[PDB]
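**Student:** If you scroll down you'll find the structure; I have some questions about it.
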Amino acid sequence: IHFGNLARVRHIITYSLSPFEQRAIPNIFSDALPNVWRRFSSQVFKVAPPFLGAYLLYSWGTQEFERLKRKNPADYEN
Amino acid sequence: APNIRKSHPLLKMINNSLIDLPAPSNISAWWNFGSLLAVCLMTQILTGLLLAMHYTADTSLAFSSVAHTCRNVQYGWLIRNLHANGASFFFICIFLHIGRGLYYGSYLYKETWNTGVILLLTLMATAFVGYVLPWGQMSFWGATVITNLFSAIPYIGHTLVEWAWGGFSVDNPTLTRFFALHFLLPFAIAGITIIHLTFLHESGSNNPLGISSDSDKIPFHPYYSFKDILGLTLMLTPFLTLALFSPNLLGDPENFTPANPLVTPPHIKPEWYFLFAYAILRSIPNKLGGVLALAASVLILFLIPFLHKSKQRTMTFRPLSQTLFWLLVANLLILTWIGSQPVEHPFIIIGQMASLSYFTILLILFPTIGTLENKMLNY
Amino acid sequence: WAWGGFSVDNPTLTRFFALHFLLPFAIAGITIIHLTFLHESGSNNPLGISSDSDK
Amino acid sequence: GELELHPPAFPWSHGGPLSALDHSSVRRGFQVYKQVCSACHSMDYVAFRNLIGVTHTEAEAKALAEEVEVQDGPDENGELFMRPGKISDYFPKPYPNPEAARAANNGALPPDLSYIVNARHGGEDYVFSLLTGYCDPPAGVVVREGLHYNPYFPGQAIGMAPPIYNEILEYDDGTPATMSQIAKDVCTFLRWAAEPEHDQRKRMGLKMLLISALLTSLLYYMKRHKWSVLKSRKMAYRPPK
Amino acid sequence: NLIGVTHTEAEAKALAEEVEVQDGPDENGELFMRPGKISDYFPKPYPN
Amino acid sequence: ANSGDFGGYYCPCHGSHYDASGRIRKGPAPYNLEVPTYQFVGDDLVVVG
Amino acid sequence: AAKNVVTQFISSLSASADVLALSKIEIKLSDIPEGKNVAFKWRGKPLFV
Amino acid sequence: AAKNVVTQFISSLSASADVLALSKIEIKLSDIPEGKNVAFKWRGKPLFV
Amino acid sequence: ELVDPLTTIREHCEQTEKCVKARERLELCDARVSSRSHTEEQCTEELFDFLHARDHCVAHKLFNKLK
Amino acid sequence: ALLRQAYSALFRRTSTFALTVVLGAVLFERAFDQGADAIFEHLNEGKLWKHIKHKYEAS
Ligand code: HEC
Ligand code: HEM
Ligand code: HEM
Ligand code: HEM
Ligand SMILES: CSC1=N[C@@](C)(c2ccccc2)C(=O)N1Nc1ccccc1
Ligand SMILES: CCCCCCCCO[C@@H]1O[C@H](CO)[C@@H](O)[C@H](O)[C@H]1O
Ligand SMILES: CCCCCCCCO[C@@H]1O[C@H](CO)[C@@H](O)[C@H](O)[C@H]1O
Ligand SMILES: CCCCCCCCO[C@@H]1O[C@H](CO)[C@@H](O)[C@H](O)[C@H]1O
């Protein structure tokens with residue numbers, strides 16, 4: 002039971018419409034998607050980098066492991 | 002009281018935690034895993050009981066009773082898939098839940114965090130004893146490797162191990178006691194979850210901005226009841242897709258072979274959700290050193306609340322910490338990968354690196370960068 | 164249905180074990196509810212008259 | 001040392017997510033098991049009744065079972081006796097115990113095949129490649145006596161002599177009994193033996209997917225519907241001033 | 050079970066060796082007989 | 224059996240090497256492969272225990 | 126979805142395939158004198174002939 | 126009282142009398158040619174001769 | 011008579027450049043290893059390279075011709 | 001005016017809304033099962049025992 006004793010708030014007006022008076026998923030192209038791109042963009046160079054790094058280390062270590070399974074012709078030349 | 006929802010001693014409780022509960026208006030999808038975890042728990046228990054009703058804990062009947070379940074029990078195979086994959090779903094959700102916590106500094110809610118760590122440890126013990134039950138090659142040998150870890154403890158080690166086993170090695174008395182434990186622990190998890198949520202309600206949820214939401218709260222219902230049901234079905238698709246279209250994608254084929262005490266599989270590898278920890282265990286070539294490293298790899302979580310140096314709660318406005326965060330995540334990815342490979346170059350070195358950087362990021366970089374960030378804000 | 168067959172047999176036994184393992188915990192849980200309702204009023208006493216004047 | 005050849009991926013008609021098993025191929029595979037592999041391989045978890053409505057009619061199944069002698073008893077004298085099989089009987093074991101088995105195979109133990117495709121990396125792909133992949137050892141390699149060269153088997157020296165060859169049997173359905181045709185069929189049968197629920201599992205997956213798509217959408221709307229109130233909500237700070 | 054109750058360990062061992070018990074299978078997958086061990090239970094007079 | 228860089232034994236779990244005597248030469252393994260208490264008194268036999 | 130899942134779970138507690146697998150038993154009528162009653166276990170319960 | 130009850134309960138989880146009942150096994154050194162390593166199950170673990 | 015399509019197709023795929031090159035390297039190994047009396051070398055690797063290339067090829071056609 | 005008619009007759013009263021969900025589930029089930037079962041069998045023509053059966057049936 003917390004509603005009523007949460008915070009001291011003054012001079013704020015808010016306006017809302019019934020859910021039946023509005024669209025559930027409005028402005029998909031004019032607003033939604035443009036923002037999804039904004040969000041994506043603003044995080045790709047924070048996230049992607051380390052994952053790219055791991056991906057490389059993976060590729061290398063995997064290839065290097067298989068490379069060491071191959072025969073070294075220089076072991077039977079003579 | 003004019004309305005029952007508030008006066009009745011039982012409804013009062015449902016009302017104060019799932020109807021009139023004040024919740025921040027801005028919590029994202031990262032706040033969905035709490036309820037998903039709760040549903041995994043209820044789900045695992047339900048399917049677990051159904052399986053238990055046809056299972057037999059005896060080394061001579063375990064493997065076949067599971068076969069009998071999947072082959073003769075109506076929808077036996079279904080129930081078994083759901084239980085087996087449900088465990089994975091459980092770990093996927095617990096790892097994200099934890100990540101969310103670290104990122105948004107939820108750990109500043111110390112009691113909720115600490116019980117949270119207990120929950121993880123308990124869930125892990127549950128999975129371990131549960132995994133032994135079918136009694137396949139992987140079940141047996143994994144159980145062997147793990148239980149033998151405890152023999153590393155000086156003096157009492159050998160004694161504790163043989164005690165745990167009920168004999169001189171993993172055998173039938175180990176199996177029957179593991180079944181009991183597996184049946185019991187899920188309920189300790191359920192109990193402790195209540196404590197978890199009880200500490201949490203002392204303060205209510207944290208939010209993505211890390212700033213007080215008292216100026217903008219909303220009833221849990223219908224906002225989050227609906228948002229949570231949505232989250233459930235979204236995560237339920239991959240679960241069921243995996244379970245119904247790739248039942249064995251995540252499992253070792255070695256566990257389709259009855260346990261053989263005399264033959265150890267060529268490549269003993271743990272379930273995916275324990276891989277990273279395994280990698281850490283192997284990083285230190287010393288028996289006891291590896292155990293400590295492993296212990297610390299999880300107990301380190303108890304330390305997180307004391308390494309917070311930032312003047313801000315979350316990492317939302319901390320670009321340096323954010324990079325450091327994803328490095329850590331990637332670091333865990335590497336450890337997972339390294340954990341599935343054999344102990345051989347280049348893996349061994351890559352492994353020790355990732356292990357070493359794992360502890361470094363948490364113990365040194367995070368608090369250091371946190372202090373550095375405060376100064377760049379002129380604090 | 165309960166038997167899992169045409170008479171008390173093995174499937175009856177294994178499901179009974181599971182039930183026997185589970186129920187004690189339902190008993191523990193419901194005990195909490197028992198005590199929770201009880202505390203709304205506290206205990207009754209041998210004289211059946213209010214004890215608020217002497218607790 | 002740890003050099004290994006990994007089988008390629010064959011396009012089995014039951015590989016797709018909604019692809020059932022070819023029951024004709026499974027019926028044929030059963031014959032291959034019954035007439036060739038069952039001489040050394042057990043299939044402890046499959047009973048003759050399992051065939052009914054899958055690959056055989058009830059009559060055929062009953063017959064198949066009666067072809068076998070099973071031990072029963074004790075009788076009134078406390079004696080064990082033999083009797084003709086019943087559809088409730090499981091497939092006969094070629095040997096009383098692994099000791100006897102090895103003893104009849106140069107110390108090698110032919111594994112039970114009930115879950116073999118799930119107990120081996122590669123599944124049918126690996127079982128197919130192994131059955132149709134024997135050949136002479138490469139230069140520098142010598143297989144010990146009793147073993148055979150197979151690049152697909154780990155270590156490459158298996159204790160199982162090539163089990164199948166052209167016309168080693170005759171499919172009563174008329175199919176040309178070629179070695180690869182045979183391997184293909186038995187492997188299909190093995191996939192079935194390992195997971196009898198294979199088909200029903202996929203029919204469910206189909207429904208799971210449809211219902212899920214539908215339900216996920218309907219719930220997405222409802223979540224958006226309720227939240228619209230907050231999503232479009234506007235506010236202003238009007239201090240007295 | 051007799052040891053330390055009614056008999057000494059030696060006596061008990063002797064008692065058990067007086068009996069032939071079935072064991073195996075051996076290397077040929079054969080069942081064979083052997084002298085008893087204190088870990089063996091008392092012999093059944095009949096198979097069933 | 225008959226593996227490892229010491230002609231003894233090799234443990235496939237974490238790579239512990241043992242010589243033909245059963246001693247630990249390489250790997251994580253702390254001590255040597257336990258030698259059970261046995262006596263040879265028995266022609267072409269060995270009573271271990 | 127609920128009706129199905131509950132139906133599946135419920136039926137997982139009813140007779141399994143192996144149990145439903147039911148046969149017949151033959152009894153020679155030359156082992157029972159005139160007046161006797163022999164009992165044969167069968168499909169769980171006792172069979173009186 | 127507590128020390129005793131806890132002691133009793135605790136020890137009920139350690140090796141039971143049937144498990145502690147341990148014997149020996151005889152192995153004829155005839156089935157073992159020079160250079161070979163035969164494994165025999167024994168007291169749970171493998172016995173290497 | 012009777013002809014197993016696996017034979018047909020195997021012979022066809024062995025004409026492939028990848029197979030031919032592999033086959034070539036194999037024979038060279040075989041030749042030298044067979045000619046020496048004190049070498050550790052083995053042609054497992056070249057054999058695998060060959061079998062691997064051949065068989066991957068086989069996999070694509072073989073089932074088309076089976077029932 | 002389906003949405004309108006639907007609302008007044010089915011969705012307005014909480015009681016009628018419940019009966020609508022029951023009959024709806026009943027009709028949906030029948031239709032969804034048969035449809036899904038068709039889609040599956042169609043994607044596998046000639047492979048199910050349903051398809052092969054006739055060859056060996058001889059009761
Ligand atoms: C004469 C006995 C014999 C026959 C007949 C036979 N097998 Fe085997 N099989 C063996 C033996 C022995 C092994 C053990 C190989 C080893 O471990 O060295 C084996 C092993 C196998 C394995 C794989 C073992 C592994 O480790 O990968 C499979 C799969 C298999 N057999 C399939 C078949 C199938 C299918 C058939 C019939 C088409 C068949 N076998 C017929 C003797 C036989
Ligand atoms: C069976 C295990 C668990 C269950 C069922 C569970 C459940 C919950 C629930 C229902 C919530 C509220 C909703 C949410 O924020 O997601 C929650 C919150 C939380 N849990 Fe857990 N939890 C579990 C494990 C953990 C773990 C492993 C940790 C941390 C090591 C943890 C830390 C927290 C914290 C700190 C919060 C606060 C969320 C906030 O920032 O507002 N939980 N958990
Ligand atoms: C936190 C919840 C649970 C988790 C994480 C969990 C996890 C597991 C795991 C990892 C397995 C092995 C699956 C496999 O065969 O590969 C398992 C087996 C099993 N679990 Fe659980 N379980 C949970 C709860 C329960 C409960 C409450 C019961 C029963 C009252 C139970 C009963 C069983 C049974 C009978 C098996 C053996 C049969 C089988 O392996 O399919 N489990 N569980
Ligand atoms: C596992 C079973 C039960 C447990 C653990 C339990 C426990 C308790 C406890 C702890 C109390 C308070 C102390 C006392 O007055 O004795 C209590 C009170 C009470 N219980 Fe139970 N109870 C159980 C079963 C029942 C049953 C079977 C009934 C009646 C059908 C019952 C009726 C009550 C009532 C009415 C009280 C009020 C006592 C008063 O007059 O103050 N209880 N019970
Ligand atoms: C009963 S063996 C086992 N239990 C699991 C599920 C587990 C272990 C530890 C903590 C939680 C869960 C697991 O991955 N393994 N396998 C395994 C295989 C090799 C080495 C170690 C473990
Ligand atoms: C008295 C009512 C008896 C009804 C018998 C129910 C039989 C269930 O039949 C089921 O049909 C499904 C769809 O074809 C299959 O996928 C399942 O394997 C099969 O068991
Ligand atoms: C959100 C996930 C919803 C899953 C609902 C799908 C219901 C599963 O449908 C199942 O299909 C089987 C195959 O025909 C039948 O044998 C089962 O009786 C039926 O319940
Ligand atoms: C009110 C509870 C009283 C409990 C005290 C009982 C203590 C019994 O103690 C027991 O006595 C046995 C007899 O020698 C010993 O063999 C046991 O080891 C010992 O634990």
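Chains as they are written, first to last, in full-length UniProt numbering: chain A, 2 to 79; chain B, 2 to 380; chain C, 164 to 218; chain D, 1 to 241; chain E, 50 to 97; chain F, 224 to 272; chain G, 126 to 174; chain H, 126 to 174; chain I, 11 to 77; chain J, 1 to 59. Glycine included, each C-beta is placed from N, C-alpha and C at the ideal position.
1. Taking the CB atoms as reference points, tell me whether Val74(B) and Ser137(G) lie closer together than 7 Å.
2. Whole-angstrom Cβ separation of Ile5(B) and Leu11(B), contact assumed at under 8 Å?
3. Based on DSSP bridge pairs, tell me the residues matched to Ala181(C).
4. Given 6 Å as the limit, tell me if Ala128(B) has its C-beta closer than that to any heavy atom belonging to ligand 3.
5. Going by other Cβ atoms of all chains shown within 10 Å of its Cβ, with 16 needed for buried, is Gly231(F) buried or exposed?
6. Between which two residues does the beta strand (DSSP E) harbouring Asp125(D) extend?
7. Measure the C-alpha to C-alpha separation of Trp164(C) and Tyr241(F) and round it to an integer number of angstroms.
8. According to a CB-to-CB cut-off of less than 9 Å, which residues of the region 60-79 of chain B neighbour chain G?
9. By the 10 Å Cβ neighbour count, where 16 or more other Cβ atoms means buried, how is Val133(B) classified, buried or exposed?
10. Among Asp59(B), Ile154(B), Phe240(B) and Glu272(B), which one has its Cα closest to the Cα of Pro174(B)?
11. Which value, in whole angstroms, describes the spacing of the CA atoms of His55(B) and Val146(B)?
12. Any residues in the region 188-221 of chain D with a beta carbon nearer than 7 Å to a beta carbon of chain B? Which ones, in chain order?
13. Nearer than 6 Å: is that true of the beta carbon of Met204(D) relative to any heavy atom of ligand 7?
14. Starting from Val22(J), trace the alpha helix (DSSP H) both ways and give me its first and last residue.
15. What are the start and end residues of each continuous alpha helix (DSSP H) run of 4 or more residues lying completely inside the UniProt domain "Ubiquinol-cytochrome C reductase hinge" (14-77) of chain I, in chain order?
16. Extract the residue ranges of the beta strand (DSSP E) inside the region 128-166 of chain G, only unbroken runs of 3 or more that lie entirely within it.
17. Round the Cβ separation of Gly205(D) and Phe90(B) to the nearest angstrom and send it over; I've been treating them as touching at under 8 Å.
18. Start and end of the alpha helix (DSSP H) containing residue 144(A)?
19. At a cut-off of 6 Å, would you count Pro110(D) as near ligand 1, judging by its Cβ distance to the nearest heavy atom?
20. Beta carbon of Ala126(H): closer than 6 Å to some heavy atom of ligand 8?
21. Using DSSP with H/G/I as helix, E/B as strand and the rest coil, what is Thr123(B)?
22. Roughly how many angstroms lie between the CA atoms of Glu151(G) and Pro74(D), to the nearest whole one?
23. So, does the CB of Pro96(E) fall closer than 7 Å to a CB anywhere in chain D?
24. Which of the three DSSP states, helix, strand or coil, is assigned to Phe81(D)?
25. Determine the contact status of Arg248(F) and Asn255(F), defining contact as a CB-CB distance below 7 Å.
26. How would you list, in chain order, the residues of chain C whose beta-carbon sits under 9 Å from the beta-carbon of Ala140(G)?
27. Do you know how far the Cα of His66(I) is from the Cα of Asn149(B)?
28. Could you tell me whether the Cβ atoms of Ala280(B) and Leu336(B) are closer together than 7 Å?
29. Report the neighbours of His237(F) on chain B: residues whose CB is nearer than 7 Å to its CB, in chain order.
30. For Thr194(C), would you say it is in contact with chain B, using Cβ-to-Cβ distances shorter than 7 Å as the test?
31. Does the distance from the CB of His197(B) to the CB of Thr116(B) come in under 7 Å?
32. Can you check whether the CB of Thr113(B) is closer than 7 Å to the CB of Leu37(B)?
33. Are the beta-carbon atoms of residue 381(B) and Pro251(F) separated by less than 7 Å?
34. Measure the beta-carbon distance from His159(B) to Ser152(B) and round it to whole angstroms, keeping in mind my assumption that it falls under 8 Å.
35. Quick one: which unbroken alpha helix (DSSP H) runs of 4-plus residues sit fully inside the UniProt domain "Cytochrome c" (24-176) of chain D? Chain order, please.
36. Round the Cβ separation of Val229(D) and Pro20(A) to the nearest angstrom and send it over; I've been treating them as touching at under 8 Å.
**Tutor:** On the basis of the data shown:
1. The criterion of a C-beta distance shorter than 7 Å is satisfied by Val74(B) and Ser137(G).
2. About 10 Å separates the two Cβ atoms, so there is no contact after all.
3. Looking at the DSSP output, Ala181(C) bridges to nothing.
4. Taking 6 Å as the cut-off, one finds at least one heavy atom of ligand 3 near enough to the beta carbon of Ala128(B).
5. With 16 or more other Cβ atoms from the protein chains shown falling within 10 Å of its own Cβ, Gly231(F) counts as buried.
6. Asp125(D) -> not in any beta strand (DSSP E); alpha helix (DSSP H) instead, spanning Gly123 to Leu131.
7. Annotation: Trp164(C) to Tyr241(F) spans about 58 Å, alpha carbon to alpha carbon.
8. Within the region 60-79 of chain B, the qualifying residues are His69, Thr70, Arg72, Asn73, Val74, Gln75, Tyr76, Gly77 and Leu79.
9. So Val133(B) counts as buried.
10. The shortest CA-to-CA distance from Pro174(B) to any of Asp59(B), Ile154(B), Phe240(B) and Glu272(B) is the one to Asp59(B).
11. Straight-line Cα distance between these residues: approximately 28 Å.
12. Taking 7 Å as the Cβ-Cβ cut-off against chain B, the residues of the region 188-221 of chain D that qualify are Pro196, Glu197, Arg201, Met204, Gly205, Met208, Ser212, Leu215, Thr216, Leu219 and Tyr220.
13. Flag set: Cβ of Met204(D) near ligand 7.
14. Element bounds for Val22(J): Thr14 to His42.
15. Counting only unbroken stretches of 4 or more residues, the alpha helix (DSSP H) elements lying wholly within the UniProt domain "Ubiquinol-cytochrome C reductase hinge" (14-77) of chain I are 15-23, 27-45 and 54-72, in sequence order.
16. Taking only runs of at least 3 residues, the beta strand (DSSP E) segments lying wholly in the region 128-166 of chain G are 164-166.
17. The beta-carbon distance between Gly205(D) and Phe90(B), rounded to whole angstroms, is 17 Å. This is too long to meet the 8 Å contact definition.
18. For chain A, the structure presents residues 2 to 79; residue 144(A) sits outside this window and is missing.
19. Relative to ligand 1, the beta carbon of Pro110(D) is positioned inside 6 Å of a heavy atom.
20. Answer for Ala126(H): yes, Cβ within range of ligand 8.
21. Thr123(B): helix per DSSP, three-state reduction.
22. Their Cα atoms are separated by approximately 15 Å.
23. Interface residue, yes.
24. Reduced to three states, the DSSP call for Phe81(D) is strand.
25. Not closer than 7 Å, so no.
26. Per Cβ cutoff of 9 Å: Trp164, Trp166, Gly167, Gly168, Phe169 and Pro174.
27. Looking at the two C-alpha atoms, the distance is approximately 43 Å.
28. For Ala280(B) and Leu336(B), yes; Cβs fall inside 7 Å.
29. Listed along the chain, the chain B residues whose CB falls inside 7 Å of the CB of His237(F) are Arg283 and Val344.
30. So no, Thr194(C) is outside the interface.
31. It is a contact, given that the beta carbons lie within the stated cut-off.
32. No, they are not a contact pair.
33. Only positions 2 to 380 of chain B appear in this structure, which leaves residue 381(B) out of reach.
34. Confirmed, Cβ separation roughly 5 Å.
35. Segments of the alpha helix (DSSP H) lying fully in the UniProt domain "Cytochrome c" (24-176) of chain D: 58-66, 98-103 and 123-131.
36. Indeed they touch by this definition, with Cβ atoms about 6 Å apart.
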